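**Student:** Chains A and B, in that order, give the protein sequences. Just so you know, we're using my numbering here: the first sequence kicks off at 13 and counts up by one. Just so you know, we're using my numbering here: the second sequence kicks off at 251 and counts up by one.
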Amino acid sequence: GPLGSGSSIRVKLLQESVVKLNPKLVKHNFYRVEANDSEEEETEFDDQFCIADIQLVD
Amino acid sequence: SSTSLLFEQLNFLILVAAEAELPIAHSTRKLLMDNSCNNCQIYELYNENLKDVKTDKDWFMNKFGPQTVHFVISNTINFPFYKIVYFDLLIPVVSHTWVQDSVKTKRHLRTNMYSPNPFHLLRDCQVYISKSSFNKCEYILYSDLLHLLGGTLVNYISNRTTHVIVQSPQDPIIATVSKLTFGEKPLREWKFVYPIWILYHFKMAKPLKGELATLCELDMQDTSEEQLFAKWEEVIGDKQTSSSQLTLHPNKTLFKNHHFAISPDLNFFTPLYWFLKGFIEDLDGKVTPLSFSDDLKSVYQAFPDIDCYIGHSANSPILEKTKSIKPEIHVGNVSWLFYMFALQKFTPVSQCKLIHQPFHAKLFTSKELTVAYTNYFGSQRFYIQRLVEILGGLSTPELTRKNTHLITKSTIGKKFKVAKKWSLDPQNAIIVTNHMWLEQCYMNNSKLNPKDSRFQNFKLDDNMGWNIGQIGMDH
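1) Between the beta-carbon of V266(B) and the beta-carbon of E294(B), is there less than 8 Å?
2) Restricting to Cα atoms, I'd like to know which of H358(B), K356(B), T326(B), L391(B) is closest to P366(B).
3) With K481(B) as the anchor, note down where its alpha helix (DSSP H) starts and where it stops.
4) Throw me the rounded Cβ distance for the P14(A) and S382(B) pair, which I believe falls under 8 Å.
5) Could you tell me which residues DSSP pairs with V443(B) in its beta bridges?
6) Taking the alpha-carbon positions, what's the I486(B) to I448(B) distance?
7) Mind checking which residues open and close the beta strand (DSSP E) that includes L265(B)?
8) Under 8 Å, Cβ to Cβ, is there at least one residue of chain B near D59(A)?
9) Which same chain residues, not among the five before or five after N501(B), have their C-beta less than 6 Å away from its C-beta?
10) Taking the straight line between their C-alpha atoms, what separation do you get for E570(B) and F452(B)?
11) Just curious, the beta strand (DSSP E) that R22(A) is in, first and last residue?
12) May I have the straight-line CA-CA distance separating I66(A) from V599(B), to the nearest angstrom?
13) I need the DSSP call for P539(B), collapsed to helix, strand or coil.
14) At 4 residues or longer, what runs of the alpha helix (DSSP H) sit wholly inside the segment 598-666 of chain B?
15) Does the segment 380-394 of chain B touch the segment 14-28 of chain A, meaning 3 or more C-beta pairs lie closer than 8 Å?
16) Between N713(B) and the rest of its own chain, which residues show a CB-CB distance below 8 Å, the 5 nearest in sequence each way excluded?
17) Tell me whether the beta-carbon of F442(B) lies closer than 8 Å to the beta-carbon of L468(B).
18) According to DSSP, which residues form a beta bridge with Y43(A)?
19) How about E56(A): is its C-beta nearer than 8 Å to some C-beta of chain B?
20) For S563(B), which residues does DSSP report across the bridge?
21) Can you pull the chain A neighbours of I423(B), defined as C-beta to C-beta under 8 Å?
22) Since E294(B) is in the alpha helix (DSSP H), which residue starts that stretch and which ends it?
23) Is it true that the CB of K307(B) sits closer than 8 Å to the CB of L339(B)?
24) Cβ atoms of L546(B) and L504(B): under 8 Å apart, would you say?
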């Protein structure tokens with residue numbers, strides 16, 4: 013049933029933030045987001061995001 | 251007044267509930283027109299005698315089509331075609347302030363927070379359900395109820411995630427999300443809750459408060475099954491009767507004269523089965539759980555009133571044997587129960603949607619089917635998430651180079667422009683196709699060619715009958 017060891021979760025992060033992310037987390041992949049649409053005032057129109065696949069901690 | 255292309259190619263219907271509301275309807279129509287809406291209809295509820303005419307889907311499509319309606323603007327849900335607009339056609343119903351705020355902020359704001367439905371208690375929530383806590387049937391049930399409560403389901407963690415649903419402190423997602431730090435500033439302050447946070451709102455139809463709110467919060471000391479059982483019993487147990495859930499859903503005999511056999515391929519956490527059984531019985535339905543060891547002929551002979559089967563998988567041998575014993579039995583899934591609850595009418599599965607039958611075997615893998623989508627609003631986004639999930643793929647609200655497909659119904663917006671260019675780049679080669687490709691692949695259980703001309707039609711909004719979720723419904 014439930015996902016287990018070695019699986020990952022999706023985390024949406026500012027591209028600027030990736031280099032500062034906790035280095036003890038294992039990143040499986042990182043993808044640059046394109047054509048982002050802000051649907052909240054809290055997100056600015058030109059914010060550049062990425063998606064990181066972060067491995068579940070052991 | 252200022253102008254823009256904000257509402258380009260979108261159709262609106264404004265429902266006026268009282269004569270005094272006409273100036274608000276006029277100002278909203280001006281806002282829509284000045285920002286390039288395709289069409290704006292105003293309909294005065296108070297000026298037709300609707301209580302003697304069936305305002306069903308055919309009535310609505312004939313009166314307000316043939317093109318689709320992208321949004322209904324209404325400060326109330328108290329109009330007789332709300333259920334077919336919202337639960338069937340999947341058209342958002344939003345207050346006038348959604349238009350005002352969307353123009354002010356120059357963007358299409360999320361519709362959930364602007365729903366006038368008082369049962370949409372979770373409208374301000376963006377909820378991540380942990381797949382390392384729950385099996386597939388639990389995940390689907392919690393997703394269904396979150397959606398019925400007006401919340402947004404997300405499959406990614408961000409600084410906008412308001413709630414993370416977990417089963418127990420043993421879920422490794424808790425420590426993983428808690429370690430999302432930068433340096434050490436956290437991505438945000440996290441709220442981990444047990445699924446009874448969802449269930450209480452659904453069962454009681456009122457906000458969680460006081461000690462019951464605190465009991466729904468993740469407690470790292472809850473390391474035993476017994477402790478989890480005890481919290482479930484206090485929050486949604488038989489001493490918490492549905493105080494006003496039936497005020498908002500007044501058909502208390504929805505399931506009268508129906509008796510549901512529950513397949514063993516639904517392996518719920520046991521107090522979640524108790525919740526589901528109580529939900530059915532509170533609506534005057536009857537429940538019999540089936541076991542893999544039952545002699546089905548004996549069970550159906552002893553309970554000849556059983557007329558419905560509820561199961562997770564279309565390919566269960568229990569279901570095959572059941573159909574040979576009871577050829578006329580209703581065959582549905584748990585989502586079907588909640589759809590009938592939303593419609594407030596018992597409805598044969600053939601008149602419901604593709605997602606209301608026990609699920610096909612996975613047609614695709616995630617490597618084959620990881621789809622972005624664009625130009626869908628409100629409950630359409632939930633539907634495409636579910637459709638992709640039961641096809642065997644993954645869905646994403648964002649577009650990246652990981653995506654294999656972009657699903658769209660029109661040519662507007664940034665993602666369509668980017669993905670069309672990517673489709674011509676041999677280094678990328680993403681496929682752009684419409685939602686009828688997804689729907690027909692599932693309905694025919696076959697990997698159809700997404701470049702067929704019928705799936706390259708990006709003017710589907712020209713016909714309301716092509717709304718996503720309509721394929722597969724019998725009249």
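All residues carry an ideal CB built from backbone N, CA and C; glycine is no exception.
**Tutor:** Reading off the structure:
1) yes
2) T326(B)
3) 475-486
4) 5 Å
5) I415(B), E467(B)
6) 10 Å
7) 261-266
8) no
9) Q594
10) 33 Å
11) 20-26
12) 40 Å
13) strand
14) 629-641
15) yes
16) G315, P316, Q317, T318
17) yes
18) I63(A)
19) no
20) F609(B)
21) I21, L68
22) Unbroken run through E294(B) is the beta strand (DSSP E), 289-294; no alpha helix (DSSP H).
23) yes
24) no
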